[PDB]
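Shown next as structure tokens: one chain only, the form deposited in one PDB entry.
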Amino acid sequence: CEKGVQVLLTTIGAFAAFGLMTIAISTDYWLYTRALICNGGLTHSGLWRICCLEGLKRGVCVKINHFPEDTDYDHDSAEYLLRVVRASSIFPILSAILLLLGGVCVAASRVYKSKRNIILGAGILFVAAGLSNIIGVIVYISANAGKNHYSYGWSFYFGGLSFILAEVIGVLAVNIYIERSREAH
């Protein structure tokens, strides 16, 4: 109804999105492919660590090799840059950082209400967060490409819902800034 409820909705959405994105980063059920780890065998996989299942090991959560996957060619071939970014996962964590900073700026907006540009900065943060997260998805997929079945687990759609919420919040924050400016008029 946009009589101050907008801000509380904004902040809870921001922190929920940050939570989803932190979970997704900090979780290993991004994938449900079959790999040659299980002694070939079913594997739910993640951004950081594989961890087998329905296999002999059945619970051995291994750390993955992103760049050192038998490189065998193509160092400094523009594939290395992708593999770096996937492994580092700088874009998802950037999204998380930006969501956090957006919630920070939102809360500080509730405090230093004299300044209006703060909420606008928050909106920009959320938006850039969304863009970064979609890039995170893109790199993840365009690396995972290197033809068996595969699937995406609740962590992937948590990142997806994080992006959705981030964009929504960008909208709402910008709307707040606009109302604030009109009040300033």
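Note that residue numbering follows the sequence shown and begins at 1. Only residues modelled in both forms are compared. Just so we're on the same page, rigid core means the largest C-alpha set that superposes within 1.5 Å between forms.
One more form of this protein should be noted, the form deposited in another entry, which is absent from this view; the next part is about it.
Once the rigid core is overlaid between this form and the one not shown, residue 88 does not reach a Cα shift of 2 Å, moving by less than that.
The rigid-core alignment places the CA of residue 56 2 Å or more apart between this form and the one not shown. Between the C-alpha atoms of residue 81 and residue 73, a gap narrowed by no less than 3 Å is obtained in the other form, as opposed to the form on display.
Distance between the C-alpha atoms of residue 96 and residue 69: longer by at least 3 Å in the other form than in the displayed form. Core-based superposition between this form and the one not shown shows that the consecutive residues, three or more at a time, whose C-alphas shift by 2 angstroms or more lie in 54-56, 67-75.
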